[PDB]
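As a starting point, one isolated chain is supplied in C-alpha cells, in the form deposited in one PDB entry.
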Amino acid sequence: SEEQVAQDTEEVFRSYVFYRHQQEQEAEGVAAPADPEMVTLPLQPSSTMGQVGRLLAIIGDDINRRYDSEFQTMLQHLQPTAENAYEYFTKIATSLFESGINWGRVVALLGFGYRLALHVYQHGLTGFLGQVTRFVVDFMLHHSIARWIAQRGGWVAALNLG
C-alpha cells in the first residue's frame, strides 16, 4: 500500500536521523556537529520501521560520501528562512529522482534531509526537524517514491539491502 508506506516514512526518517547522528558522533567524537534535537526525537528502536531506518543509516555510511560532501558545502549557502529551506529541499530532492527511483537514491534523500535539518539547526532555526520530516514524507508520497517502495514490498524490503 502506497499510503501506508507514506505513513511509515515519518518513523523511518526519524530513526535514520537518530542513528546517522549517533554514527557521526561515534566517528567524529567531540568534532561532530551538535544537534540535541536529533538525540531526543521520538524513537522506538525495536519496531520494524525503527530497524529499517537504522539499517539504512548503517549501509548509507559507505555510499553517501560524495553526495554527502557536496550537500555540506552547498548548504553553506542556504538562506535562513523556512521558505528557503523548502525551495532548496524541493530542488535537490527533485534532481535526485529525475532519472528514476532506486534504493540508493532513497537513502540519498534521507541523508539530504539529515544534512538539511542539521544545517538549519546550526544556523539558528530550532524546532524545524519535524518540518524537514514532513518535507521528506510529503515529497515521497507525491513523487511516487512511496508507490515505488510499496511495489518492492514496503519499507521492510529495505532490510534485504543489509
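All residue numbers refer to positions in the sequence shown, first residue = 1.
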{"item": "Mean C-alpha B-factor comparison - 50-58 and 31-39, higher one", "value": "31-39"}
{"item": "130-138 or 95-103, whichever carries the higher mean Cα B-factor", "value": "95-103"}
{"item": "Lowest, middle or highest third - CA B-factor, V17", "value": "lowest"}
{"item": "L118 - Cα temperature factor, lowest/middle/highest third of chain", "value": "lowest"}
{"item": "Chain-relative CA temperature factor third for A108", "value": "middle"}
